[PDB]
Structure formats: structure tokens, C-alpha cells
Amino acid sequence: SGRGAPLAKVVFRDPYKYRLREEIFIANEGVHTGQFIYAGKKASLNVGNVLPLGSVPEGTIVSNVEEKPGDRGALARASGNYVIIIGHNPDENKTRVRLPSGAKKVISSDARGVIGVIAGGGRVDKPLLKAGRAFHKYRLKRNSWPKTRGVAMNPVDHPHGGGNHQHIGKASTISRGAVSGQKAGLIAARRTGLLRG
Amino acid sequence: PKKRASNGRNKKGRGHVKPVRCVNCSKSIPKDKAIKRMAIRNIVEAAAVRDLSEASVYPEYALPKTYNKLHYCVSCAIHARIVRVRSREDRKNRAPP
Amino acid sequence: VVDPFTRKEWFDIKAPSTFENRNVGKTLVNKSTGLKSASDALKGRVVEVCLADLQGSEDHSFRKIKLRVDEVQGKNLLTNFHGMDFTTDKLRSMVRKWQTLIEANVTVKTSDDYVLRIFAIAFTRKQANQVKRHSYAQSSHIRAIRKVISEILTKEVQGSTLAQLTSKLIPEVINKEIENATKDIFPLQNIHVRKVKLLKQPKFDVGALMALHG
Amino acid sequence: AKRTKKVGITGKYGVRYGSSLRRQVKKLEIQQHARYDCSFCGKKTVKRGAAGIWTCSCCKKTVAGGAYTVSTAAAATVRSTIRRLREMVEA
Amino acid sequence: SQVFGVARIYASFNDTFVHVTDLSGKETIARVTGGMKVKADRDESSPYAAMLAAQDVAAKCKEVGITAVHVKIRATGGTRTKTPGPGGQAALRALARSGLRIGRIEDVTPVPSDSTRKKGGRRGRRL
Amino acid sequence: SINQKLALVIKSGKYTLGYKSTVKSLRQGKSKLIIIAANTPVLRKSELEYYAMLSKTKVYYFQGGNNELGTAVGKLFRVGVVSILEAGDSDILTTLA
Amino acid sequence: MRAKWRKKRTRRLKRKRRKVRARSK
RNA sequence: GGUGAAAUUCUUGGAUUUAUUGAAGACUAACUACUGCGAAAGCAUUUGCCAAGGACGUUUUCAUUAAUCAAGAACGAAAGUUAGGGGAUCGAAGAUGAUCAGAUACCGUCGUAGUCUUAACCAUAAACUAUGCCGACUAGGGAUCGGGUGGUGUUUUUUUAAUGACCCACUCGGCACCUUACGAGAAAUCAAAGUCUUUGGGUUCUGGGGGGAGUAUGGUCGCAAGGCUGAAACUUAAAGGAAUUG
């Protein structure tokens, strides 16, 4: 619940104590029940296999990436999302990725991530289409819906509130160096208005 | 009326060939409709080679000769002397010289 | 106000010993100041040279060579072969209408971790006693020729290192090996490798470098 | 009989929500409930269990696929490109 | 016995560049254009200011150690006209007679194996 | 180039079709050729490799799933494995393919 | 005028008429 | 930097220019042709795969299975539209600096949609070779593309050997081309626009002076843009074609 990305009860034999360790992975596009997942440096390159980013070659698609070696996954966990390895720097033990935000990041080689885009892709491509779906989407996440507009609120309840007309009054853009209570509206907006124009 | 046997183009049986820009006004025209000139001239002037031979440590020099294909629209070509409006009966004369 | 030409030492250039006269040219960078040594500044640079200069014969007027500095021995700088490209005059010269040209390309590494792309050029030939106005190819001999050319090229860099490649390439034996393997299909006029671009360089191995300079 | 012309599956949404919103949901809701061939048993029995989970009714398999298809196009190109990288490194 | 540099002339319209560099080409020596020679904004592409600009290089190209030069003629290139401007033939001639041993003269005009959309439009410029 | 000769088996030769019938036809030893699809479960094909090895009989891996094989054998249902009890004017047995 | 801009101006007129015609309808 | 000339723009923080890379997106220049394929619109990088084809050859095979084509159907440049990705160049709109008397146009700089892609729509162009499709016949020629045939012809390591390219005589099909008009046409011109007052091979569609007008309405299709069907009133004695002279 609260996550389109499906989990995989991946099971490993603990090499030190006789007991299997059932571990929650985020499923990739192409993993199925009974499939063997090979995790580690000497793993092959198939969809689902967990590999350190150093071994995997350039121009591949890797999801559920660790920011630092040992964080147990940080980046590209949302459904249908993935990180492209764009290059390596074998001298400094640091790879170079393209993050889903379009940002270019540097990651330690020892860090790792599953191969293949996260399953559940295309979730946002269908509208929730009614308030009931929206309610039942956020019921399983947190209390953040409905989101009343600050304009309709009274002046005491929101910086935008109040006035005989429903208008913000001051510029909605808020300085980054503002203080808690200021930061309502557009925070530290580098450039407002429509993208692509 | 129908001024030419092949309308203005070396295009028979295709329907489309390619757009090409002009080296003077940058006007998109079919490649075959263009005025093609293999401008074969040296980097330097004709009278210029003497000083190059004098001012080179290479006694036996190569005299390089650059190549560039000026693809011209007829609007620019006629204004640029590249072609001349010809007689109606002499229009059929397709010989380069 | 501070004249720039009065703060250099005029460093020189070495060519690999598999060439003609090693010395090429003298370039200015700066003094070896205490903060930034001139050695680091000199490194990573490329110099364009003419194979006629690096072989002494007008036979090699085209196919200029690209060299990259490796180690600065005082003012004298040894270089590794970095690439070669035809002079834009020569490429435009050999290309003429009414003769089809062949563009061949292979992406194959050397024996070491030193990968480069080999090109190849080929031009259809006006046959003897032949009276067709153009003599184009049949676009299936072109598929055949590009395969056999790529077979020749791929079985070449993979078979020998770069130093052995250049040493055997300076007599221009490769472009003959393309012709004699294509004389059974179609005759060719301008046959040359025409281009190399160097991509990756392995461990520098001053032992290998000093072998070609010393 | 022919019951609807163009609403199709989305006629359950009544006249509400507009026609464009019904059109976007139409072309995905069909993919959502469409039954798909299993890559393992070969029977057109794969149904969508949840968001991104595709349980083959027979042979009790389940495949992590797209939220509204057994396999997205943006992931089919993943599988294709993974092959070449595996292919080139090994051979 | 002699030193080689690179002349590296940028011969376009509306300005002309004569810019002698070392054989590696990274170090710049006496990058001079037409705009410094002529303030009339017209000779800047005319061969006159090309010859005056190109004579200024050799005025200081010597006494630094540049005996000979590898002239490298280049037009605007790219999507543009690709042909050298009026200065290309004349700013070349200021070099030749100014006392610079010219060798290995060649063109380095950037030919697009295939370019982007040319500037001007489909119907192009109209005057 | 395999699908053309399966019709020769389906009409001239004697076959048996499906897993249970095949392993029976391997146990009896009469079968000499078994064509295993690629969609079939790898465990089921793994022990059919074993039964084939026990009988010293040719095993051929079809280049497709049971849907291709079902069409190839000529039957509009699906077939995991097909066994060739005896082949008539078909040469699939005698050929290495 | 070209056949184009005669047609274009009637097309603009047709566009205006349909909005006005439907505006009452 | 830009111009016909300038100015707007960026620049002692270094623009422009020089080199090295790195990425992004687009396209496949030269080669490139009175050349090829495609039903048309279109198609110009390599390589691989998939399947489709036309021509050729055939002493194979089915043997009237054909041509055209209302109704109907697929494809259909560009522009445009919807959702997503992409977003280098150019660039509607827009903003600017010039020009003129005015210039919200041409010129220059920036720049949005767009140009690219995935999946759908629209179904239009001077979509033109302005020449419906099929069939036969009538004049000569030359080249070119693709196939095929023959030469004790040339040409390929071996000097009639392990065999492609070429030249010759051809032929089939194609894109076309040069002369001539027998013939046609109003002529321009056409080897098909010829075999039509010596009027009839088959067949489909379209036109009836110009405007109004591809408009109004009505229907249908379309997310819309709009497409298809499509008048009339009223109005004029002419528009129009091809050539001659000025």
C-alpha cells in the first residue's frame, strides 16, 4: 500500500547461520516468481540482478541505487523510474549517473542497484479521475488531502488568506532564507510561469 | 504557358527528392532544381603562387586547390550572373558550353 | 603591460622512433613556476603535423598526423601517436562525380586497452576500354566490398599493437591489401584508410614510452 | 448486441467527468482488464492483480509489469538494451 | 634550423581574423582583426583592413621566435556560407610579403557531414 | 527450415503428441525424435533431456513456444513436446537436423 | 489576391459565423 | 556580431577568436545522376534481423481465374490537434533595433508553439508529368537502369587454369531523351496530347460564360482545425487559352 512499485519477497540463504533471510526488494520490469536473483560483484547482467555500479557497463538502466555503499538503496525507487549510468571514473572509484530529475550525480563504485526499470510503470499516465480515487490514494499514505488553498483561508490561518477578494496580495514567491510560516506559496522560485516558454 | 519540357527540374518519376538551401539567400530548393557549380579554385591568386614558392622551405610545392559545391537557387543565380535568360528556341540547348 | 612572450622556455617535441627525424617543433607554454609546474600544463596537449614533414617525402603530403605529448624530458617532449586525418584538400580532391565511393568503418581495439576507430575510403574506377559515362557500382558489390574491407581492417588492428600498426602503415601496405582482396569484385581508384580516432588509453607504461624514445 | 458506440468500457462513468478524461482512461482501462499471454505457460490468462502485478491464472505465476500492461514499451527497450550490454561484454 | 607556427586565419564576412598560434595551436600570438585597423565598419571585411591587420602580426610575429608559419585558412563554415570572405585571399598576402616563411598552407573550413537547419528560413533572405 | 517437414511427419509418419504420451513413447523406446518447445517449463524439458539421454534418442529444440509448435504440428491447440514414433517419406530422422 | 488569402479570409469569416450562430443556438 | 548602411546584442568578470574533450538533439553533405524503388504520399549513414515485392529466366504449375469501378475501405507531404517523452538548430506568434512619410513587412538579434520521437487523430496541397486505367497499332535513333543470351573479345595470382568488371550483337521491362511531323491541336506543343466529322476497343470520374462560391443551408466525418456533399437569389458581356506586333 502507498506505493505503486511492487515488492518481491526475495529470499537468500544466510551463509553464516542456517536460516533463510527474507528481504523486501522493489520489483523490476521482468522479474517473476521463482526467478533467481544474483546479487553481488560477480553477478551477471540480467533484469533483477543486483550489481555494484562499477562492474555494470556504461549506458545501462539501473534502479534502486545506493547513494553511498551500504545505504540499502536510495535512488529511483518510484514506479517506472530508473537511473542511467552515463560514465565511470575508475581512478577515483566513483561512477557518474543521470538521475530521474535529470540531474547528473557522482556515485561510489561500491554502491549498487538492481537492473531494469522499476515495475508499476505508467501509473501517472491514467488520471485518478475522481475524488474517491484520490482519497483512497492518500488514505494509505498520510493525511495530506484535501489541500485547502491558502487564499480561501482567513488571514490568521495562512499568509495568503484574507481580503475582500480571493487574492494573494504579496508576491507568491517566497525567499529561501525565509522562516517557517513564510514559506507558503512558491519557495525560492528561480523562474516562475510556464516551462517551455 | 508551359515554358519547359522538364518543368524546371531534373526530376522524372519520383514525386520528391530533397530540399537544399542556397549559399546566398538560404532558400530551400530541390537539389536537382539547384544550379550546381563545382567551383574549383586555389586558396591563393593566380599571380600569387610565385611568392609562396619563394616563401616556402618546400622548393617543390603542391599548389593546393580547394573544392566547394555552390548550390544556387535560380533567383540568386540569375542575379549573380551564374545563368542567363536564353532564347526560347535556344532554351533547349542543354550543352554546358 | 606585461609582455607575454618573455615568460616561456620554448619546449620542444619528440616523435615516436618509428617515424622519420624525431624532432618536430618548439612550442611555448610558460616558465615552470613554483605553484603550477610546466610539466602538468604541457601534458594533455595535441599537435597537428604533416606526414610529409614526418617522412620527408612529398608522397605523404596528405594524411596529416595528430600527436599527443606524454612525458616532458626537460624542454624535449616525447609523444604518442594520437590520430591521422586526410587534409581537407585531398578528400575534396579525390571525390568527383560519376564515380561511386565506399565508406567503410570498423570499431576495433588494439591488442592492449588502447582502442581506436579505423576508417577506409574507396572509389570506383574508370575501367580500361570501358565506355559507360559514369561506371557506378551495383550497391551489392558495395555491401560485399565493405565486408571484405572491414574484414581486412578488423584482422589488422586486432593483430598488432599501435606501434606495430604505424610502423607497418607508413609504407602503405594496408591500402594495397584492400585492393588485392577486391580485384576479384570491382576495381577501385582511391583506396586509403583515411582516418583514425583514438578513444581510450591504458596505463601509460613509461617502459613502453621510453622504448620509442631512447 | 452493440450497446455503445465509443464510450465502451468507460460508459460506467456516466455522463460525468468530461469526454477527454474518459478518453484517456478508456485507452488504459482496456489495457488494464485485457487478458494477456503468459510468457511461461503460453495461455492468454494473465490478469492484473494489483498496480504492476500480473498473476497468470494458471501455473500460478506472477510477473512484475506495468500498472496497466504486462510489459511497458519503455521496459521492453530496457530488456533489449540489457541484452546487448550482456552480449558485448561476454562476446 | 627554423621554427614553425600556425597562422590560423578566420576569413568570414563582416570581420576577418589573422591569429598566429604555436604548432599546437593553443597559445595565441597577436590575435588581430579588422575592427582594430579600420573604424569605418566597412573595410573590416574588405581586403584592405585584412592586409593592414595581417601586416600587424608580422610586425611582432618576429623577435619572439616564429620563423615559419603553417597557414590555416578557414571560412565561417558550419551551416553558413562556407566560402572565405574577401580578406581570406588578401590577409593571406599580407603574411606572405611581410617576412614570414609560409608553408603547408591548407584549408580547415569546417564542412558539416550534415548540418542543422540553415539560418534564414525556407524562402530565405529577401532584399 | 524445420516447419516444412513436420507436415510430412503429420501425414506420412506416426507421431505422439504431448508430454505424458511422449514419456510413455520414450519409455517404450519406440520414439526416436522429440521436439521440445521453448515455452515449456525448463524443469519439464530438463527431465525430458534426461529421458532422451536414457533412450539414446535425438532431441530437437524448437525455435519458439508451444504456440508455434502447435501450429507447426498442424493442430490449432498448443503442444509442449511432440514425439516422432516413425517418420515416413520425411527425412527429419535421417538428417542431422 | 491569391486563392489562398481569399479562402483564408472566408475561413476566418466561417469561423466567426459558427460561434455567433451557435451562440444563440 | 550584424548590415546595402547601421543599431539592438555579448566584452578587460575576457566577448570573438585557439586547442582539448563531454553531453544534448537534429540530419545523413560531398558521392547525387534529364539514375533506382515505392500504388501514391515518400525513401539517400553502416550493420543485423523480419517479412513484402517488381523485373528477368523458366519445354514448371492453376487455367478465364480479367479490366475499369458507384457503395465501402487502407495509406496519405507539410501544417494542425490530444497525451508522453524529447527539446541542438531554425522558427510562426511575440519582443526588439533599423527603413520609409507610415513599416507591427522585407534586414539584423532574441525568442514561444512548432520542427524530433511514442500512440493516436485530420485527410489536405501547383498531392502536377496540371496529361484517369487497361488493350492493340503506327518512326527512327541513341544512350541509361535491372534481368537474361552468345563471343576461343578485353580484363582480373596462375598470362587459352581456380573467373567479377568491361566491350561487342542483341532482347524484355522501366524512368526518360533527340530529330521528324507523317497525324493531331487554337496554338504552345505532343511519338503520344497520334490511329477523333474517314466521328463507335472497354471503362470510371469530372465541366457547361465569369462572379456570387467552393459561399449559405442541410447532412456526415473530426477533439477541434476543418474535410466531403453543395446551391440559389442577385450581378455582369464577357473573364479565359495560345501565340504576333508595339
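Residue numbering for chain A follows Swiss-Prot, covering 52-248 in order.
Recorded method is electron microscopy, 3.1 Å.
Note: Cβ is positioned from N, Cα and C throughout, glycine not excepted.
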Listed residues A:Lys145, A:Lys192, with the one flagged ubiquitin cross-link by Swiss-Prot: A:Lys145
Collapsed DSSP category at A:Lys119 (ubiquitin cross-link): coil
Cβ packing number for A:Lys119 (ubiquitin cross-link), 10 Å threshold: 10
Fewest other C-beta atoms within 10 angstroms, as judged across A:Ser52, A:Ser95, A:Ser159, A:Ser160, which are the modified residues: A:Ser52
Cα within 10 Å of A:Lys119 (ubiquitin cross-link) - qualifying recorded positions among A:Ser52, A:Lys93, A:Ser95, A:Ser159, A:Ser160: A:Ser159, A:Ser160
Recorded sites (A:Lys93, A:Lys145), the one with most neighbouring Cβ atoms at 10 Å: A:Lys145
A:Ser52 (phosphoserine) to A:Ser95 (phosphoserine) - Cα separation in whole Å: 32
By Cα-Cα distance, the member of recorded positions A:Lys145, A:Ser159, A:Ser160 nearest A:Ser95 (phosphoserine): A:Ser160
Cβ under 8 Å to chain D, applied to recorded positions A:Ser52, A:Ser95, A:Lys119, A:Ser160: A:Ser95
Distance from A:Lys93 (ubiquitin cross-link) back to A:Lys145 (ubiquitin cross-link), taken between C-alpha atoms, in Å: 19
